[PDB]
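Visitor: what's the 3D shape of this:
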Amino acid sequence: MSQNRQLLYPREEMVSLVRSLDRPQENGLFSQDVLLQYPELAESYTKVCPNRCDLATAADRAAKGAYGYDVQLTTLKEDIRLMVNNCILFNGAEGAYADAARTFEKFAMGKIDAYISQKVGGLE
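Guide: Numbers count the residues shown, from 1 in each chain. I have put the structure below:
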């Protein structure tokens, strides 16, 4: 599934997720990265957590430059789980958690694709 040591170059999968979706209703922060607006609210971006939607958290993870180094892709796994947590908590399901589970599974699929891409010497 992966390699607990070093990461070849995780990113090809990230684009997959964001690619699957496409419907920027808010187009400002609820579905984008406020840090990509203007030099003034870059700080506030932290107060609102590093993306808590889906495409903003995935696109950012890769856009960051694929820092890599993962014992088991805990970075992406901790990001997706962090969203669902604040989702039902802050305001999202509150009764239909299954709604957040759907998007979660999709993410797992992408990871599998990349895993195969880097099997020659990166994740095996």
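Visitor: Against residue 33, how distant is residue 11?
Guide: Computed as CB to CB, to the nearest Å, the residue 11 to residue 33 distance reads 16 Å. All C-beta atoms are positioned from the backbone trio N, CA, C, and that covers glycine.
Visitor: before we move on, what about residue 50?
Guide: Distance check for residue 50 against residue 33: by CB to CB, it reads 9 Å.
Visitor: what touches both of these two?
Guide: Among the neighbours of residue 50, those also in contact with residue 33 (CB atoms under 8 Å, 6 or more residues apart in numbering) are residue 60.
Visitor: Give me the more crowded residue out of these two.
Guide: Per other CB atoms under 10 Å, whichever of residue 50 and residue 33 has more neighbours is residue 33, with 18 against 15.
Visitor: number of nearby residues for the closest residue to the more buried one other than its chain neighbours?
Guide: Using CB to CB, 6 or more residues apart in numbering and skipping residues adjacent in sequence, the residue nearest residue 33 is residue 56, 5.0 Å away. Residues within reach of residue 56, counting by other CB under 10 Å, total 24.
Visitor: same question, residue 55
Guide: Neighbour count for residue 55, taken as other CB under 10 Å: 20.
Visitor: Please name the nearest non-neighbouring residue to it.
Guide: With CB to CB, 6+ apart as the criterion, residue 55 has its nearest non-adjacent residue at 4.2 Å, and that residue is residue 18.
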